[PDB]
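Asks: coordinates only, sequence not included:
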DNA sequence: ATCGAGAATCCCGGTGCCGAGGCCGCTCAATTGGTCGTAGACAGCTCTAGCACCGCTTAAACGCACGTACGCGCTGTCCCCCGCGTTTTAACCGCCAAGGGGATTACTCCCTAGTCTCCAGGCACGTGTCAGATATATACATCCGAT
DNA sequence: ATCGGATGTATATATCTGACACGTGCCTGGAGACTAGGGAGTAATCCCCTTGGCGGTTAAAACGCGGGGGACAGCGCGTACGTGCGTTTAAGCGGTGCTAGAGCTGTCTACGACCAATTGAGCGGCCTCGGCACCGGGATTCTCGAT
C-alpha cells in the first residue's frame, strides 16, 4: 500500500497551517476552560463572546510564538524533536 | 613547577566577580567609545560624568544578563564553552 | 462548577499550533507542558480582566477588559475594540 | 575619535562573562560581544541625544540617559529620576 | 455616538489604491492602529513636556516624540510629512 | 527649597523597621528612585482606569485597583490592607 | 459677518481630522495646554503611517489576486516590512496568521 | 484656627499625604483628585518602602554591616520572588549580581 | 541516476449570498469672530563643571609557550513518534425561550477646585565622629600530585 | 582512598578619614476656613445580549498498529582555550587652568483658553449588487517504490 515517509506529511501540515488564518482550537472547550479559570476569581461571572474570542486569539498567538522559540531552541541543541526542556529554556530566556 | 588544573581558576573569578560590584571595564576606553558613538548623532557634544557612569552601568548590566542567557543556551546544547551561536540564539529568543 | 477542561485542549490542537509555529517533530511530553503554560498565561490574563471588570462594577467581562489586560501585559491585541 | 571599540579589551569581556557565570569562553565571543555592545550603546545614545536636543542643551545629562533607558525598558536606579 | 477613523482610512486608501476595498475587520484593525499610535505619540509628547517643565504640547514636542518612537527612515519621512503640513497650515 | 525627595520619610521608616541601622547616600538615592517609579506606575494605572470608565476623578477605588493590577498577589493583599487601614483612620478623624 | 467655513484639515492639505485630534489632545489629560500646530503635526504623521501600511496591504492583496484588504494582508504587509515590523513587534493582529517560514534543517535532504 | 496637624499624622502614616496630593494634582493624571487617593497611595508607598528596607537591613546584618548599601538592596530584591517580579526590568546601580553557579560547571569526580 | 503509479494541489467556469459601498436624513461638534490672562521667548548675568593638559606610578593588557580536556565527528542501539486505518463523540449549527444586567435619563447632593491667611515641616548649611576601608600578621580550607 | 606541600582565602587587630547623622535658621509649601458648582451616587426603565436547552450531521478526536528515523550513549582525535610568566602600554590619580554653557532673573508679547452663534461634516438607517466562498471538473506537480 501507498505510505508517505515520516517527514513529508509534517511539512505539508506546516505549510497548510502557515497559509491559513483559522484558530485550530475548538471554541467550546476553550470557552469552558476560560470559565473554569475565571471561576476562581469571581463566582457567577458572565462572559462576552467577543471577550472569549479575544482571549482565544491572544492565547493562540502566544502559544505559536512560544512554539517558534521552542523550535529554535531545539535546532540549537542539534535536534529535530522539540522537548519540554526546549520550552523551559525559551520561557527562561524570554523572561517567563 | 606548580600548576592549577584547567577550570579551577575559571571556577574562581565567578565567586570573585559575583561577590563584588565594581565595573570591571576601564573608565577611559568606555568614555572614548561613548564619545565616538555620540559624535555621529551630533557634533561637539559634551557629557556629564554621571551620564557616562549611567551608560556604563546600564551597558554592563545588559551584557551580564546577555552572558547569563548565553551560558544557559550553551548548557542547553550540552556544552561548557560559549559560542557566538549561543549569543545569537539568546538575542533571538529575547526579541532583540 | 466546571472541572477537567484543560484536557479539552486536545493533542491534535497542540500539534496544529506547533505546525503553525514551524515544528516538524513533537515529543510526547510537549502536550502537558503546553497545557500548563497555557493555563498559566490564561490565569495571568483573566485575573487582570476580572480586576478591570470588577472596578467598573460590572458582572460581564467585556472584550475591552481583555484588551486592556493584554495591553497591560504587553500583548496589544488588535481587532476587538 | 576612531577605533575605540577595541578599548573594550578581551579581559574585560572575560570578567563580564565571569560575573555572568561563564566558565569557558571561545575566541569569537569578544568580537560578537563588541558588536552587541556597540549596537546597544548606539540605541541608548541616539535617544539620549534626542532628549538633549529637544531640551535645547549642548551637554548630555544623566537624566537623559535614564529617560532613554526607561524608554527601552532598562530602568535604572541610582542616577536620579 | 461611536466615533472612529473609518471614513479617513477609506479616504487615504482611495488616494493610494483607487480600486481596492477593505473589510470591516481590517478597518477595525486600522482604527486600533491609529488609536494606538495616537496615544503612544501623545504620551511621549506629554512626558517630554513634563521633563522640560513646560505646560504646553507644541509641534516640536510631537516631532521629538516621532523621532523617539518611529524607527529609522519611517520617522525620517514622517517628520517631513508633519512639518510640511504645519507650514501649509501656517500660510493660510 | 529648590529640591524635594523622600529621604526624610525613608529614613523615618528605616528607624521603625531597623532602629539601629543606617543607609548610604547611594542607597538612599536608589530608594528615592524606587519610590518615584512606583508612584508613577500607580498614578498612571489609576489615570488609565479613570479614562476607561469615563470618570474625571481619581479616588481611592482607582488607586486600590491599580495596586491590585500592578503588585503581585501576596504583596498586593498587604498593600490593599495598609491602604484601607490608612483611609479608614483618616476618615475617622 | 462670518466667512464661509473652512476646515483645518483641508487648510493643511490633510485627510485626517485636525479638529478631532485637537479635541482628543485637549481632553486626553496630556498637558495643561495644546498648541495650534500639534494636532496638524499629529494628524499628518498618522495619515502618513496609515498610507504607508495601506500601500503594502493593497500590494499584498493584489499578490493574492484579491481586490479587498483582509487582516491577513495587513499582517503580511507589517511582517514583510522591517520598520513596520519593528514598530509593531509587540502587537497581535486578529485573523492575521503567521508569516510562512520553515527552517532549512527541517527540509528534506 | 484649631492648630495645624499633618494629614500623615491624621492617617497614621510617615509618608507625606500633602506632597503626594500635590504631585497627583500637578501630574496631569486626571482633572480631579479624590481626598482618600493620596492617603491610599502614601500608605502603599510606605508599606513597600518598609518591606524593601526590612529585607535590606536583614541583608546588611548577614553581611556584618550596620549601614545599607546598594548591594544589600539588590540582594534583598533578588532574594524575594515577588519583589523580584515587581522590579524585574529594573537595574540597580552598584548592585552587582546574585551569586549563583550552574551545577554542570562544578567539578564532578 | 531514471521511470512510472498515485496522491496532493492548482486552475477554470458556474452559482449564489451577504456585506462593503453608496445615498439620504439628521444632530452636534468643529468654525469663526472676539477678548483676556499668562507661558515662555529673549536679553542678560553668574558660577560651575566639563574639557584640555602634564607628570608619576603601577595596575593591567598583551604576547607567548605548554598542556589537556572538551567540542566534534563517527558508529551502533533501540525506542518512540509518525503515518494510516477504524471507531466514538462531542463540536457545531440551527432554533427557541427566559431574563440579568448593561446602557440610558432624571435628580439632587456633597465633594472637590479655588482663594485667603497662617505657621511649621522640610531643605540648605555646617560640624563632630565613628563605620569601615586598608594594611599587617596569623590560621585553616582546598587543590593537586603522586602513593 | 589518602597524605603532605602549596597556595588562596578567612580571621584578628591597629590606624586613619571622609561620608553620616544631627543641630539650626528660615521659607515656602501644607493646613485651616469658607464658598460655589459640577461630577457622580442613586432610582427607575428598556431592551439586548447572554445563558440555558435540544435535535441532527459529521468533522474531529481517540485508539491501535507497524516501522523507520531520530535521540542518545560510547569512543577516538586533535586543537583551541585555559594557566602561568615576562614585558609593555596606558589607565588611574593628583593637580592646574580656561571657558562653554547650564541655571537663574526680569520684561512683555504672542499664543492659547474661553465664550457666543452658526452650520456643514460625520454618524446612523437602509438598500443593492459585485467580490468572494463553494462546488464540480480536469490538469499539473510532488513523492515514493521500483530498477
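Replies: Structure's in. What do you need? Numbering: from 1, shown residues only, chains lettered A, B, ... in the order given.
Asks: Quick one: end-to-end distance for stretch A:33-51.
Replies: Terminal residues of stretch A:33-51 are spaced 14 Å apart (Cα to Cα, to the nearest Å).
Asks: same deal with stretch C:2-11?
Replies: 20 Å.
Asks: Establish whether the helix or strand hosting residue A:54 and chain F are in contact.
Replies: Per DSSP states H and E: residue A:54 is located in helix A:49-76. No. Judged by Cβ under 8 Å from any Cβ of the partner chain, helix A:49-76 and chain F are separated, with a smallest distance of 14.7 Å. (C-beta placed from N, C-alpha, C; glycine too.)
Asks: The helix or strand just after that helix pairs with which strands, parallel or anti?
Replies: Heading C-terminal from helix A:49-76, the first helix or strand you meet, by DSSP H and E, is strand A:81-82. Pairing partners of strand A:81-82, with direction, according to DSSP bridges: strand C:25-26 (parallel).
Asks: List the buried residues of the helix holding residue A:54.
Replies: Buried residues in helix A:49-76, counted by 16 or more other Cβ atoms under 10 Å in any protein chain shown: A:50-76.
Asks: Contact partners for the residue positioned nearest the centre of chain A?
Replies: Here the mean C-alpha position of chain A is nearest to the C-alpha of residue A:63 (Cα atoms, centre = their mean), at a distance of 3.6 Å. Contacts here follow Cβ atoms under 8 Å, 6 or more residues apart in numbering or on different chains; on that basis residue A:63 touches C:17, C:21, C:34, C:37-38.
Asks: Let me have those residues in TSV, adding secondary structure, distance to DNA strand I and neighbour count as columns.
Replies: Below are the contacts of residue A:63 laid out as TSV (DSSP: H, G, I helix; E, B strand; the rest coil; distance: Cβ to the nearest atom of the strand, whole Å; neighbours: other Cβ atoms under 10 Å in any protein chain shown):
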residue	secondary structure	distance to DNA strand I	neighbour count
C:17	helix	13	23
C:21	helix	13	22
C:34	helix	13	24
C:37	helix	19	19
C:38	helix	17	22
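Asks: Nearest to chain D, out of those: which one, please.
Replies: residue C:37 (22.8 Å; Cβ to the nearest Cβ).
Asks: Distance check, that closest one against residue A:96.
Replies: In this view, residue C:37 and residue A:96 are 8 Å apart by Cβ to Cβ, to the nearest Å.
Asks: now do residue G:24
Replies: According to Cβ to Cβ, residue G:24 stands 35 Å off from residue A:96.
Asks: higher neighbour count, these two?
Replies: Per other Cβ atoms under 10 Å in any protein chain shown, whichever of residue G:24 and residue A:96 has more neighbours is residue G:24, with 19 against 14.
Asks: Quick check: chain neighbours aside, which residue is closest to that one?
Replies: residue E:38 (7.1 Å; Cβ to Cβ, 6 or more residues apart in numbering or on different chains).
Asks: Next: residue A:32.
Replies: The nearest residue in space to residue A:32 (Cβ to Cβ, 6+ apart) is residue C:5, at 4.4 Å.
Asks: now swap in residue G:13 and tell me
Replies: Closest residue to residue G:13 apart from its sequence neighbours, by Cβ to Cβ, 6+ apart: residue E:88 at 5.0 Å.
Asks: Just want the most central residue of chain G.
Replies: In chain G, the centroid-proximal residue (Cα atoms, centre = their mean) is residue G:50; its distance is 2.9 Å.
Asks: Quick check: residue G:43 vs chain B, distance?
Replies: As judged by Cβ to the nearest Cβ, to the nearest Å, residue G:43 and chain B stand 28 Å apart.
Asks: my guess is that residue contacts residue G:23, does it?
Replies: No. With contact defined as Cβ atoms under 8 Å, residue G:43 does not reach residue G:23; the gap is 11.8 Å.
Asks: These two: which is more packed in?
Replies: residue G:43 (28 against 13).
Asks: If we go by neighbour counts, what in the helix or strand where the more buried one lies is buried?
Replies: Element membership for residue G:43, per DSSP H and E: helix G:37-63. Of the residues in helix G:37-63, those with enough neighbours to count as buried (16+ other Cβ under 10 Å) are G:37-58, G:60-61.
Asks: Keep only those of these that are also close to chain F.
Replies: Within these, nothing lies near chain F by Cβ under 8 Å from any Cβ.
Asks: Run through these and flag the ones next to DNA strand I.
Replies: By Cβ under 7 Å from any atom of the strand, no member of these lies near DNA strand I.
Asks: Now residue G:106: closest residue in space that isn't a chain neighbour?
Replies: Nearest-residue entry for residue G:106: residue C:24, 4.5 Å, with adjacent residues in sequence omitted and distances by Cβ to Cβ, 6+ apart.
Asks: Okay, the residue of chain E found nearest chain F and residue H:35: tell me how far apart.
Replies: Per Cβ to the nearest Cβ, residue E:43 is where chain E lies closest to chain F, at 9.1 Å. With the distance defined as Cβ to Cβ, residue E:43 ends up 27 Å from residue H:35.
Asks: now do residue C:5
Replies: 45 Å.
Asks: same thing with residue G:78?
Replies: According to Cβ to Cβ, residue G:78 and residue H:35 sit 46 Å apart.
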